[PDB]
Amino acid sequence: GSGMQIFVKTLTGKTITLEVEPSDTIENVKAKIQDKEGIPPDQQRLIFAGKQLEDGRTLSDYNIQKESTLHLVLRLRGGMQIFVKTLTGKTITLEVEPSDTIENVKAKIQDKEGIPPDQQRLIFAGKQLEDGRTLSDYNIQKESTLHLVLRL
């Protein structure tokens, strides 16, 4: 086996380890981070030895050996944001990506606004958004507007 353990620490001191390979690209390692600590790759830059790492590069390319600590900086935003208007009149702003389920949307409306997802209904283009489908599925891309209605 060519496997090897690795540590990647946040700027706050919350440190995390992953089992990776020299083969792995940097975008792959970012994908691995998202898997444990849900942190989209468009919201993370990785630094090693005072160098930003290119997404499509290996650990071998930047000569990272077994159990080398790496530094993780968080971004303020990612690629894609969508808006949600309520009935009482307010728009909130969500940090999203196309492959988020509708479940994952309501989850971070609960984080922003405190309304349980159990009671949230989302509408786009007059259609009631089913939980297990993505933003891609309804053709929801950047800057689009959803409408929030509570029921049950």
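Numbering starts at 1 and follows the sequence shown.
A.B. asks: Look up the CA B-factors in the entry and say which stretch, 93-101 or 41-49, has the higher mean.
C.D. replies: Between 93-101 and 41-49, it is 41-49 that shows the higher mean C-alpha B-factor.
A.B. asks: Mean C-alpha B factor from the entry: is it higher for 111-119 or for 55-63?
C.D. replies: It is 55-63.
A.B. asks: Ranked by Cα temperature factor within the chain, is residue 15 in the lowest third, the middle third or the highest third?
C.D. replies: Highest third.
A.B. asks: Comparing against every modelled residue in the chain, figure out the third that the C-alpha B-factor of residue 152 lands in (lowest, middle or highest).
C.D. replies: Highest third, going by the recorded CA B-factors of the chain.
A.B. asks: Relative to the other modelled residues in the chain, which third contains the C-alpha temperature factor of residue 134: lowest, middle or highest?
C.D. replies: It falls in the middle third of the chain.
A.B. asks: Residue 144's Cα B-factor: lowest, middle or highest third of the chain?
C.D. replies: Lowest third - that is where residue 144 ends up once the chain's C-alpha B-factors are sorted.
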